[PDB]
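Colleague: Dropping a structure here in C-alpha coordinates format, bear with me for questions.
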Amino acid sequence: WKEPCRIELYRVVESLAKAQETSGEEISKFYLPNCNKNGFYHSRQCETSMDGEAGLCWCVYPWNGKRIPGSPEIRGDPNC
(Lines give C-alpha, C1' and ligand atoms only; values in the text may rest on other atoms or scores of the structure.)
Protein backbone atom coordinates (compact mmCIF):
# COMPACT_ATOMS: atom_id res chain seq x y z
CA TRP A 1 0.00 0.00 0.00
CA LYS A 2 1.04 3.60 -0.75
CA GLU A 3 -0.41 4.74 2.61
CA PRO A 4 0.28 1.78 4.94
CA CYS A 5 -0.38 3.64 8.21
CA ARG A 6 -3.72 5.06 7.04
CA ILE A 7 -4.94 1.64 5.94
CA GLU A 8 -3.79 0.09 9.23
CA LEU A 9 -5.43 2.91 11.23
CA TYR A 10 -8.82 2.17 9.61
CA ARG A 11 -8.43 -1.56 10.29
CA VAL A 12 -7.38 -0.99 13.92
CA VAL A 13 -10.28 1.43 14.59
CA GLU A 14 -12.78 -1.11 13.19
CA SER A 15 -11.35 -4.02 15.25
CA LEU A 16 -11.26 -1.91 18.44
CA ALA A 17 -14.88 -0.81 17.89
CA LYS A 18 -15.81 -4.47 17.43
CA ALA A 19 -13.86 -5.65 20.53
CA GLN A 20 -15.46 -2.95 22.69
CA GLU A 21 -18.92 -4.49 22.01
CA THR A 22 -18.08 -7.62 24.01
CA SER A 23 -15.23 -6.23 26.13
CA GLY A 24 -15.17 -7.62 29.67
CA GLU A 25 -13.18 -4.59 30.88
CA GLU A 26 -13.13 -0.80 30.36
CA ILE A 27 -9.88 -0.04 28.50
CA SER A 28 -8.51 3.46 29.08
CA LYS A 29 -5.46 3.12 26.81
CA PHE A 30 -5.06 1.55 23.35
CA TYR A 31 -2.79 1.69 20.35
CA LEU A 32 -3.99 3.62 17.33
CA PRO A 33 -1.29 3.95 14.63
CA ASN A 34 0.01 7.53 14.64
CA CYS A 35 -0.05 8.48 10.92
CA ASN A 36 1.44 11.46 9.13
CA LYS A 37 -0.60 13.26 6.42
CA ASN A 38 1.10 11.21 3.65
CA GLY A 39 -0.28 8.04 5.25
CA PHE A 40 3.07 6.80 6.56
CA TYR A 41 4.08 6.44 10.22
CA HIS A 42 5.32 9.23 12.46
CA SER A 43 8.75 8.21 13.84
CA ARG A 44 7.28 8.45 17.31
CA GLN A 45 4.42 6.02 18.02
CA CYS A 46 2.40 6.42 21.20
CA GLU A 47 -0.51 4.71 22.92
CA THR A 48 -3.72 6.68 23.04
CA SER A 49 -4.76 7.51 26.59
CA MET A 50 -8.05 8.85 27.98
CA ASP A 51 -7.42 8.35 31.70
CA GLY A 52 -5.03 11.13 32.77
CA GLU A 53 -1.98 8.90 32.46
CA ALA A 54 0.75 9.17 29.83
CA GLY A 55 0.69 6.43 27.17
CA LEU A 56 3.84 4.45 26.28
CA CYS A 57 5.79 5.74 23.26
CA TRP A 58 8.43 4.03 21.10
CA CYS A 59 10.30 4.62 17.83
CA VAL A 60 9.49 3.11 14.43
CA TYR A 61 10.69 3.22 10.83
CA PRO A 62 8.28 5.67 9.10
CA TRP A 63 7.85 3.45 6.02
CA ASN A 64 6.60 0.35 7.88
CA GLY A 65 5.70 1.34 11.48
CA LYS A 66 7.84 -1.43 12.99
CA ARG A 67 9.74 -0.67 16.21
CA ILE A 68 13.43 0.10 15.68
CA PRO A 69 15.43 -2.60 17.50
CA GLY A 70 16.95 -1.14 20.69
CA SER A 71 14.31 1.64 20.73
CA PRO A 72 13.39 3.00 24.13
CA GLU A 73 9.81 2.52 25.34
CA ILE A 74 8.84 5.21 27.87
CA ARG A 75 5.74 7.13 29.03
CA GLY A 76 6.91 10.29 27.30
CA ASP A 77 8.45 11.44 24.03
CA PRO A 78 11.52 9.22 23.36
CA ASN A 79 12.90 11.88 20.96
CA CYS A 80 12.93 9.47 18.03
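Letters A, B, ... mark the chains of the C-alpha coordinates in the order given; residue numbers begin at 1 per chain; ligand numbers begin at 1, in order shown.
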Using only C-alpha atoms, determine which residues lie at most 10 Å from residue 78 of chain A, disregarding the query and same-chain residues fewer than 2 positions distant; provide the list as number ranges by chain.
Modeller: A: 43-46, 56-59, 71-76, 80
Colleague: Skipping near chain neighbours, those fewer than 5 positions away, what residues fall within 12 Å of residue 42 of chain A using only C-alpha atoms, listed as a VMD selection string?
Modeller: chain A and resid 4 to 6 32 to 37 57 to 67 79 to 80
Colleague: Please write the residues from the selection above to a file, keeping N, CA, C and O atoms, as a PDB file, in the first residue's frame.
Modeller:
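So the final result, stored in part_11.pdb, reads:
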ATOM      1  N   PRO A   4       0.451   2.955   4.079  1.00  0.00           N
ATOM      2  CA  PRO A   4       0.277   1.783   4.939  1.00  0.00           C
ATOM      3  C   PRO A   4      -0.310   2.115   6.311  1.00  0.00           C
ATOM      4  O   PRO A   4      -1.122   1.345   6.839  1.00  0.00           O
ATOM      5  N   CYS A   5       0.089   3.252   6.868  1.00  0.00           N
ATOM      6  CA  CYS A   5      -0.378   3.638   8.205  1.00  0.00           C
ATOM      7  C   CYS A   5      -1.876   3.932   8.179  1.00  0.00           C
ATOM      8  O   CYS A   5      -2.610   3.504   9.070  1.00  0.00           O
ATOM      9  N   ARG A   6      -2.309   4.665   7.156  1.00  0.00           N
ATOM     10  CA  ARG A   6      -3.718   5.060   7.041  1.00  0.00           C
ATOM     11  C   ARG A   6      -4.619   3.845   6.920  1.00  0.00           C
ATOM     12  O   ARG A   6      -5.646   3.754   7.606  1.00  0.00           O
ATOM     13  N   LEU A  32      -3.586   3.204  18.663  1.00  0.00           N
ATOM     14  CA  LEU A  32      -3.988   3.625  17.327  1.00  0.00           C
ATOM     15  C   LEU A  32      -2.730   4.081  16.593  1.00  0.00           C
ATOM     16  O   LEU A  32      -2.061   4.995  17.070  1.00  0.00           O
ATOM     17  N   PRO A  33      -2.425   3.475  15.426  1.00  0.00           N
ATOM     18  CA  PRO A  33      -1.289   3.950  14.630  1.00  0.00           C
ATOM     19  C   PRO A  33      -1.296   5.467  14.486  1.00  0.00           C
ATOM     20  O   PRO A  33      -2.335   6.056  14.183  1.00  0.00           O
ATOM     21  N   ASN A  34      -0.149   6.084  14.766  1.00  0.00           N
ATOM     22  CA  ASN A  34       0.010   7.526  14.637  1.00  0.00           C
ATOM     23  C   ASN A  34       0.496   7.816  13.215  1.00  0.00           C
ATOM     24  O   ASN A  34       1.686   7.643  12.929  1.00  0.00           O
ATOM     25  N   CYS A  35      -0.404   8.251  12.331  1.00  0.00           N
ATOM     26  CA  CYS A  35      -0.046   8.478  10.923  1.00  0.00           C
ATOM     27  C   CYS A  35       0.282   9.934  10.626  1.00  0.00           C
ATOM     28  O   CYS A  35      -0.333  10.851  11.195  1.00  0.00           O
ATOM     29  N   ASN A  36       1.248  10.147   9.731  1.00  0.00           N
ATOM     30  CA  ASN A  36       1.444  11.462   9.126  1.00  0.00           C
ATOM     31  C   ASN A  36       0.425  11.662   7.997  1.00  0.00           C
ATOM     32  O   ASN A  36      -0.303  10.727   7.633  1.00  0.00           O
ATOM     33  N   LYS A  37       0.374  12.876   7.456  1.00  0.00           N
ATOM     34  CA  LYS A  37      -0.601  13.259   6.421  1.00  0.00           C
ATOM     35  C   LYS A  37      -0.393  12.552   5.069  1.00  0.00           C
ATOM     36  O   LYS A  37      -1.297  12.537   4.234  1.00  0.00           O
ATOM     37  N   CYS A  57       5.361   5.412  24.617  1.00  0.00           N
ATOM     38  CA  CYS A  57       5.794   5.736  23.259  1.00  0.00           C
ATOM     39  C   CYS A  57       7.043   4.936  22.915  1.00  0.00           C
ATOM     40  O   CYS A  57       7.812   4.574  23.796  1.00  0.00           O
ATOM     41  N   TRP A  58       7.233   4.692  21.622  1.00  0.00           N
ATOM     42  CA  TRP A  58       8.432   4.027  21.103  1.00  0.00           C
ATOM     43  C   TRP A  58       8.754   4.594  19.719  1.00  0.00           C
ATOM     44  O   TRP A  58       8.017   5.448  19.200  1.00  0.00           O
ATOM     45  N   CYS A  59       9.847   4.113  19.118  1.00  0.00           N
ATOM     46  CA  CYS A  59      10.297   4.622  17.834  1.00  0.00           C
ATOM     47  C   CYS A  59      10.182   3.584  16.721  1.00  0.00           C
ATOM     48  O   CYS A  59      10.549   2.423  16.906  1.00  0.00           O
ATOM     49  N   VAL A  60       9.684   4.014  15.564  1.00  0.00           N
ATOM     50  CA  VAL A  60       9.494   3.106  14.426  1.00  0.00           C
ATOM     51  C   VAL A  60      10.167   3.644  13.166  1.00  0.00           C
ATOM     52  O   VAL A  60      10.519   4.808  13.099  1.00  0.00           O
ATOM     53  N   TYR A  61      10.337   2.777  12.170  1.00  0.00           N
ATOM     54  CA  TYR A  61      10.686   3.222  10.832  1.00  0.00           C
ATOM     55  C   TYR A  61       9.422   3.806  10.170  1.00  0.00           C
ATOM     56  O   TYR A  61       8.388   3.141  10.114  1.00  0.00           O
ATOM     57  N   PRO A  62       9.490   5.058   9.677  1.00  0.00           N
ATOM     58  CA  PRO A  62       8.276   5.668   9.098  1.00  0.00           C
ATOM     59  C   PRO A  62       7.617   4.921   7.933  1.00  0.00           C
ATOM     60  O   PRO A  62       6.404   5.053   7.733  1.00  0.00           O
ATOM     61  N   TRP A  63       8.395   4.144   7.178  1.00  0.00           N
ATOM     62  CA  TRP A  63       7.852   3.455   6.016  1.00  0.00           C
ATOM     63  C   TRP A  63       7.082   2.179   6.338  1.00  0.00           C
ATOM     64  O   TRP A  63       6.289   1.741   5.514  1.00  0.00           O
ATOM     65  N   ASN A  64       7.293   1.594   7.522  1.00  0.00           N
ATOM     66  CA  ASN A  64       6.604   0.345   7.883  1.00  0.00           C
ATOM     67  C   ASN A  64       5.975   0.280   9.284  1.00  0.00           C
ATOM     68  O   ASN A  64       5.248  -0.658   9.577  1.00  0.00           O
ATOM     69  N   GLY A  65       6.269   1.265  10.134  1.00  0.00           N
ATOM     70  CA  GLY A  65       5.700   1.338  11.484  1.00  0.00           C
ATOM     71  C   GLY A  65       6.167   0.253  12.447  1.00  0.00           C
ATOM     72  O   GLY A  65       5.504  -0.005  13.454  1.00  0.00           O
ATOM     73  N   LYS A  66       7.298  -0.388  12.134  1.00  0.00           N
ATOM     74  CA  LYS A  66       7.844  -1.429  12.992  1.00  0.00           C
ATOM     75  C   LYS A  66       8.868  -0.799  13.922  1.00  0.00           C
ATOM     76  O   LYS A  66       9.669   0.027  13.489  1.00  0.00           O
ATOM     77  N   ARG A  67       8.816  -1.178  15.201  1.00  0.00           N
ATOM     78  CA  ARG A  67       9.742  -0.669  16.207  1.00  0.00           C
ATOM     79  C   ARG A  67      11.192  -0.876  15.773  1.00  0.00           C
ATOM     80  O   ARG A  67      11.549  -1.942  15.264  1.00  0.00           O
ATOM     81  N   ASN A  79      12.078  11.077  21.870  1.00  0.00           N
ATOM     82  CA  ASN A  79      12.896  11.882  20.961  1.00  0.00           C
ATOM     83  C   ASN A  79      13.491  11.003  19.863  1.00  0.00           C
ATOM     84  O   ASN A  79      14.717  10.815  19.770  1.00  0.00           O
ATOM     85  N   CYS A  80      12.592  10.457  19.048  1.00  0.00           N
ATOM     86  CA  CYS A  80      12.928   9.466  18.035  1.00  0.00           C
ATOM     87  C   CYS A  80      13.727  10.072  16.886  1.00  0.00           C
ATOM     88  O   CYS A  80      13.432  11.165  16.406  1.00  0.00           O
TER      89      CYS A  80
END
Colleague: Where does DSSP see helix (DSSP H, G or I) in chain A, if you list the residues as number ranges by chain?
Modeller: A: 4-22
Colleague: How about saving the chosen residues, N, CA and C atoms kept, as an mmCIF file, in the first residue's frame?
Modeller:
data_model
loop_
_atom_site.group_PDB
_atom_site.id
_atom_site.type_symbol
_atom_site.label_atom_id
_atom_site.label_comp_id
_atom_site.auth_asym_id
_atom_site.auth_seq_id
_atom_site.Cartn_x
_atom_site.Cartn_y
_atom_site.Cartn_z
ATOM 1 N N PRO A 4 0.451 2.955 4.079
ATOM 2 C CA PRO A 4 0.277 1.783 4.939
ATOM 3 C C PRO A 4 -0.310 2.115 6.311
ATOM 4 N N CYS A 5 0.089 3.252 6.868
ATOM 5 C CA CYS A 5 -0.378 3.638 8.205
ATOM 6 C C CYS A 5 -1.876 3.932 8.179
ATOM 7 N N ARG A 6 -2.309 4.665 7.156
ATOM 8 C CA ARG A 6 -3.718 5.060 7.041
ATOM 9 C C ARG A 6 -4.619 3.845 6.920
ATOM 10 N N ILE A 7 -4.222 2.899 6.060
ATOM 11 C CA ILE A 7 -4.943 1.636 5.942
ATOM 12 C C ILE A 7 -4.981 0.889 7.279
ATOM 13 N N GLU A 8 -3.830 0.759 7.937
ATOM 14 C CA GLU A 8 -3.792 0.089 9.232
ATOM 15 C C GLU A 8 -4.707 0.788 10.240
ATOM 16 N N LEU A 9 -4.623 2.114 10.296
ATOM 17 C CA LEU A 9 -5.434 2.908 11.229
ATOM 18 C C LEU A 9 -6.925 2.576 11.102
ATOM 19 N N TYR A 10 -7.435 2.576 9.869
ATOM 20 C CA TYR A 10 -8.817 2.167 9.605
ATOM 21 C C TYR A 10 -9.125 0.774 10.143
ATOM 22 N N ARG A 11 -8.246 -0.184 9.851
ATOM 23 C CA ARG A 11 -8.435 -1.560 10.289
ATOM 24 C C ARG A 11 -8.438 -1.664 11.811
ATOM 25 N N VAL A 12 -7.515 -0.945 12.455
ATOM 26 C CA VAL A 12 -7.381 -0.992 13.921
ATOM 27 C C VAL A 12 -8.613 -0.376 14.591
ATOM 28 N N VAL A 13 -9.068 0.762 14.064
ATOM 29 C CA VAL A 13 -10.276 1.433 14.587
ATOM 30 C C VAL A 13 -11.508 0.506 14.507
ATOM 31 N N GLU A 14 -11.663 -0.182 13.375
ATOM 32 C CA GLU A 14 -12.778 -1.114 13.193
ATOM 33 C C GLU A 14 -12.711 -2.295 14.175
ATOM 34 N N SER A 15 -11.529 -2.889 14.324
ATOM 35 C CA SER A 15 -11.348 -4.017 15.255
ATOM 36 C C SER A 15 -11.580 -3.613 16.711
ATOM 37 N N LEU A 16 -11.059 -2.446 17.084
ATOM 38 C CA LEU A 16 -11.260 -1.907 18.436
ATOM 39 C C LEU A 16 -12.736 -1.668 18.737
ATOM 40 N N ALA A 17 -13.433 -1.046 17.788
ATOM 41 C CA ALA A 17 -14.879 -0.808 17.886
ATOM 42 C C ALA A 17 -15.594 -2.141 18.111
ATOM 43 N N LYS A 18 -15.214 -3.143 17.323
ATOM 44 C CA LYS A 18 -15.806 -4.470 17.434
ATOM 45 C C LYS A 18 -15.514 -5.121 18.793
ATOM 46 N N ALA A 19 -14.258 -5.047 19.252
ATOM 47 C CA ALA A 19 -13.857 -5.650 20.525
ATOM 48 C C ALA A 19 -14.587 -5.005 21.699
ATOM 49 N N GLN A 20 -14.797 -3.699 21.609
ATOM 50 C CA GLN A 20 -15.457 -2.954 22.693
ATOM 51 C C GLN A 20 -16.893 -3.437 22.947
ATOM 52 N N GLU A 21 -17.546 -3.948 21.904
ATOM 53 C CA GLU A 21 -18.917 -4.487 22.012
ATOM 54 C C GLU A 21 -19.036 -5.590 23.078
ATOM 55 N N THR A 22 -18.035 -6.462 23.128
ATOM 56 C CA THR A 22 -18.077 -7.624 24.008
ATOM 57 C C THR A 22 -17.024 -7.529 25.110
#
Colleague: Between atom CA of residue 26 of chain A and atom CA of residue 49 of chain A, what distance in Å does the model show, to one decimal?
Modeller: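 Interatomic distance here is 12.4 Å.
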Colleague: As an exercise, work out the distance from atom CA of residue 68 of chain A to atom CA of residue 55 of chain A in Å and give it to one decimal place.
Modeller: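 These two atoms are separated by 18.3 Å.
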Colleague: As number ranges by chain, please: all residues of chain A that backbone DSSP puts in strand (DSSP E or B).
Modeller: A: 29-30, 35, 41, 44-46, 48-49, 57-60, 67, 74
